[PDB]
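In structure tokens, one chain follows: the form deposited in one PDB entry.
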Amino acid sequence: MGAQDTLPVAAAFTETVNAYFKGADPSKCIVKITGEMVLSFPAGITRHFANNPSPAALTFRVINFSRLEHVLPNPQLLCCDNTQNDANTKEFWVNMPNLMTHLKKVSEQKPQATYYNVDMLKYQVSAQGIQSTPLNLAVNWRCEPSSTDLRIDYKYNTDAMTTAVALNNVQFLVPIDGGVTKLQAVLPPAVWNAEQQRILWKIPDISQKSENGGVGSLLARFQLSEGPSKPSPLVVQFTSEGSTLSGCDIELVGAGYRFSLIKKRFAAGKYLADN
């Protein structure tokens, strides 16, 4: 009635996992997880009680901050608390004039948009080799001058994510050299693309709940006209929603704002496996 509005803001932690597997030797697995924290602001609002009295401070705390190996806050929009009484959380103050400036500008440049996203934090999540990959991979090739056999073994890895959630739209793509004429063996079903000379398996979901507890194999045998094939990296895609790999969370400090939603998701970035 005479009260400072609560202002609606959305938050997102979006993380990307890059992994390289080599044969079945977990020691040579190389993992890099990057991420960003994005704040989204509803249309044009910008000032919703900013004049008299002053606009509410937008301040937030990142929970489980120590899980991040490296962090780069947006230098135009944020300052934070030093120290670093390493208490695992970190408080950030948003520069309100620079935010108002910023939210006015894109509103002029994306004027038909309902919402404006702002990159608040870019980061890298501490990883520990294969333990940190959500989908462990191992690939093996047998290259005959006249034939090629391919096996890919995968395992859903529970302990890579803060909460156990499914990997969605999982794709396994492998280019097959050597002039394939036909595939004479394949399991489970896959698609062979003659134009790009590569095979593709799609699995809708992979989790603890999956038919095999998320452990499985992909097998194919190819007949060649101009072999041998040379092993090429398997390239994998997947996305997941409802969890991060970091386990970081976000909370508001003081009044003025409410998180309409805090989205957490991760997806494979460059996610490869060599023979």
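Just so we're on the same page, rigid core means the largest C-alpha set that superposes within 1.5 Å between forms. We number the residues from 1 along the sequence you see.
FYI, the form solved in complex with a partner chain isn't displayed, but the following is about it.
Across the proposed site, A10, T14 and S260 without exception bring a heavy atom within 4.5 Å of the partner chain in the bound PDB entry. Across the options 107 to 115, 142 to 150, 172 to 180, 196 to 204, residues that bring heavy atoms within 4.5 Å of the partner chain in the bound PDB entry belong to 107 to 115. The partner chain in the bound PDB entry is approached by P42, whose closest heavy atom lies within 4.5 angstroms of it. Of the candidates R198, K122, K110, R151, the Cα that moves 2 angstroms or more after core superposition between this form and the one not shown belongs to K110 alone. Core-superposed comparison between this form and the one not shown: the C-alpha position of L219 differs by less than 2 Å. In the core-superposed comparison between this form and the one not shown, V235 has its Cα shifted by less than 2 Å.
Fitting the two forms on the rigid core leaves the C-alpha of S27 displaced by under 2 angstroms between this form and the one not shown.
Relative to the displayed conformation, the Cα-Cα distance from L58 to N52 shrinks by 3 Å or more in the bound PDB entry.
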